[PDB]
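This report concerns only the one structure given below.
Positions of Cβ are generated from backbone atoms using ideal geometry, with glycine treated the same way; all protein chains shown enter the neighbour counts. What follows is calculated from the coordinates using simple rules that are stated; it is not laboratory data.
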Amino acid sequence: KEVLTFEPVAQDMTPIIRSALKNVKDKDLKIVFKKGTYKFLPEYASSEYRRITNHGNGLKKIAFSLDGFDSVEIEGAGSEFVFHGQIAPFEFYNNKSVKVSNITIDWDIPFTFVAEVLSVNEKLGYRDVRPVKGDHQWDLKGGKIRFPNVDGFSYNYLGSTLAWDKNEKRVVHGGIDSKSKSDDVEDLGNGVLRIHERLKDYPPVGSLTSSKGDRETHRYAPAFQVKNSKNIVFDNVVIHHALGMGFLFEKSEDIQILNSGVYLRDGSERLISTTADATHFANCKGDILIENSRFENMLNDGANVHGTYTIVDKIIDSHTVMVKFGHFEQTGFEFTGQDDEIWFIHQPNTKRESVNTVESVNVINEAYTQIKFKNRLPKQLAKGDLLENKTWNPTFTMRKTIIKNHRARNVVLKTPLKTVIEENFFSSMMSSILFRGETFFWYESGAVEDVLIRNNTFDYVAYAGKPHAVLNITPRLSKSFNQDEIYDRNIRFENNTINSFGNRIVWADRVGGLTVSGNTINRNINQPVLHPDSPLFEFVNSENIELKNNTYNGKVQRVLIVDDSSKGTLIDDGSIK
Ligand SMILES: O=S(=O)(O)OC[C@H]1O[C@H](O[C@H]2[C@@H](O)[C@@H](CO)O[C@@H](O[C@@H]3[C@H](O)[C@@H](OS(=O)(=O)O)[C@@H](O)O[C@@H]3COS(=O)(=O)O)[C@@H]2OS(=O)(=O)O)[C@H](O)[C@@H](O)[C@H]1O
Ligand SMILES: [Cl-]
Ligand SMILES: [Cl-]
Ligand SMILES: [Cl-]
Ligand SMILES: [Mg+2]
């Protein structure tokens, strides 16, 4: 077992880490840093081609690459790691044990463009903004905004854009995603720019506008990428910035995120923490635990545990099938391997039909995968059918965690195993707890079968411009399948406290078995209703839904909209009338 210790010696700690890690020999490694501020530039960092799920594949500059260890541990001892430019901070590949603790990750210059809106003129089609200085970087060239101008990199445009409250640093009431692609930006002095373009929906005056950049290149790498690893623990790990997601896990087992978080540094002038999901679990298995954590100010979901839906392309023989990935950012994923159990899904039935076990895998390219099974393939297997990995599905538990003030759903649950969401504080612009089985555009599996959401606090939920709800069960499946079959099952929403401004509470679609009990709804938020006459609960094409011992306080609101199919099995004790 080797133990490497480091001090803040040089202004760029990348070459020292690269050389020390390159000469490691044993399979048990521990790295200790004396508490200080370490800076890492990508200029002299190692470069490898990487396949990153829900990110863009390509050549990556990597600061910490740890591959093949029996156990690897990184002790930061409260150190702060400052990164620069387009770089991947940490990569943990093929490790039977991973532990990172007591560390803070940030960038010297963030890859965002934040500006305060001064005035908006919809008639002429321009907006006057004052960019926040802080540690942001930007300039003008060719009548176009260039940012962040780090190591010669700059996005073509501001890209997708959102309005934020300057005081609370959260998405504004009724805020929606803007897309800024302006070609004419003027400098009026005063540190004020006039951006010429006719937006569909303009940001409010006084709000702060966030911009991540071009959609094609802003997902460079997550702060942490864990691939094919087991027994991973993150303890007291804070992420202030990342050119992508915060914690990304691919095909891993027994993951723990404790006392960690992704949020803004207090006293700073930053608006966004991570440009993508805070935590992400793609086809993991074993157990996943998130406890005593805090995720805010991300540009995407707080958590998404899900698997991959692959599409049958061709039948090779009686035991071999070739599948294709559905989403462009899913190509290169390690879908399956030997001894994996796989669910077969035949059009137009959305349910898991049969199970088979993989014998071998022949990867043709990043898009197509040839799978040979131990048993005979289903006789009805045809092109367009789906494969879902049965082995790689985790149990999920999120408790005593804070998720607020960011642009997405709070928690997205797509695992068929036992899921427990308890004792959390939640606040979401969009839906808070979302279920979206997707075979239309994202191809993310996870029809659920055991989910429990109890004793949580929901405050200021679903204040986006588009309609949402605290608990939103809305699968989006390909039209090659029937659109009225039961998809999700056995979801319980118990003993929660919802502070409402007039938002939907529960919107269920194709749920089989849904218990909404013991909840207290408090109409105590002084915010205007964005979708008038929206009911607390709406159910469509569902079965065996039960309302029981719920309480509503405040101004009256429409209670229930239900289709004739789910009404035949709905149990309503009239606790809210
Ligand atoms: O199946 S889902 O759980 O619903 O989605 C899986 C992905 O979730 C994350 O990213 C998407 C998520 O934030 C979603 C929430 O509504 O919005 C998506 O945006 C898409 C488009 O990508 C976006 O255009 S652009 O190219 O990003 O500029 C815009 O058209 O809005 C849509 C849908 O949003 S909405 O209907 O207006 O509410 C997010 O896509 S993404 O930001 O481009 O990645 C997650 O980060 C993904 O990896 C998937 O897990
Ligand atoms: Cl060097
Ligand atoms: Cl790779
Ligand atoms: Cl009650
Ligand atoms: Mg990718």
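A few remarks follow.
- Across the chain, the relative contact order, built from alpha-carbon pairs under 8 Å that are at least six residues apart, equals 9 percent.
- Between the amide H of residue 420 and those of 396, 397, 398, 452, distances stay under 5 Å, these residues lying 5 or more places away or on another chain, with hydrogens modeled in the peptide plane.
- Each part reduced to its alpha carbon centroid, the stretch 358-376 and the stretch 59-102 end up 31 Å apart.
- In range of the label at residue 370: residues from the stretch 296-322 whose backbone nitrogen is under 18 Å from the point 7 Å along Cα→Cβ: 311-322
- FRET efficiency, 1/(1 + (r/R0)^6) with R0 25 Å, evaluated for residue 228 and residue 22 via beta carbons: 0.75
- For the stretch 393-572: rounded, prolate or oblate by the Cα gyration tensor [a/c cutoff 1.5]: rounded
- Computed lengthening from residue 533 to residue 9, 0.36 nm per intervening residue step minus Cα-Cα distance: 182.4 nm
- Extended-chain gain in nm, criterion 0.36 nm per residue less alpha-carbon gap, residue 318 and residue 483: 56.4 nm
- 20 Å Cα-Cα reach of residue 96 towards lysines, excluding residues that sit fewer than 8 places from it in its own chain: 1, 22, 25, 27, 30, 227, 230, 251, 285
- Cross-link partners of residue 548 among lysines (Cα-Cα below 17 Å; sequence separation of 8 or more within a chain): 567, 577
- Here 322, 298 are placed in order of increasing Cβ neighbour count within 10 Å, fewest first, which gives 322, 298.
- Prolate/oblate/rounded label for the stretch 1-116 (Cα gyration tensor, a/c 1.5): oblate
- Mean-position separation - Cα centroids, the stretch 177-219 and the stretch 274-308, in angstrom: 29 Å
- Which of 338, 364, 377, positive extreme of dipole for the stretch 307-389 (C-beta unit charges): 377
- Using θ = phi - 60° in the Karplus curve 6.51 cos²θ - 1.76 cosθ + 1.60, the 3J(HN,Hα) couplings for the stretch 302-308 round to x, 7, 8, 9, 7, x, 10 Hz; x is entered for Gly and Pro.
- Nonlocal amide H pairs with residue 107, under 5 Å, H built at 1.01 Å: 83, 241
- Its relative contact order, with pairs defined as Cα atoms under 8 Å and 6+ residues apart, puts the stretch 115-211 at 36 percent.
- Taking θ as phi - 60° and the Karplus parameters 6.51, -1.76 and 1.60, the scalar couplings of the stretch 260-266 work out to 9, x, 9, 7, 6, 6, 5 Hz in sequence order, x denoting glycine and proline.
- Placing unit charges on the Cβ atoms of the charged side chains and taking the dipole of the stretch 393-572 about its Cα centre, the candidate lying farthest along the positive direction among 448, 554, 437 is 554.
- On full extension, the segment bounded by residue 287 and residue 327 gains 11.8 nm, given 0.36 nm per residue less the C-alpha separation.
- From most to least packed by mean Cβ count within 10 Å, the peptides 447-458, 399-410 give 399-410, 447-458.
- The distance between label points at residue 184 and residue 525 comes to 4.0 nm (points 7 Å beyond Cα on the Cα→Cβ vector).
- When only the Cβ of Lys, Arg, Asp and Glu is charged (+1, +1, -1, -1), the dipole of the chain relative to its Cα centre reaches about 380 debye.
- Per-peptide packing, taken as the mean over residues of other Cβ atoms within 10 Å, places 245-254, 283-292 in the sequence 245-254, 283-292 from highest down.
- Between residue 43 and residue 361, the FRET efficiency from the beta-carbon distance, with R0 = 51 Å, is close to 0.85.
- Beta bridges per DSSP, both residues in the chain: antiparallel share near 30 percent.
- Sparse-neighbourhood loop sites, GluC sites (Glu not before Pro) in the stretch 78-131 - DSSP loop, at most 13 other Cβ within 10 angstrom: 122
- Shape category assigned to the stretch 256-413 from the gyration tensor of Cα positions, a/c cut at 1.5: prolate
- Cβ-placed point charges (K, R +1; D, E -1), dipole of the stretch 62-120 about Cα centre in debye, nearest 20: 140 debye
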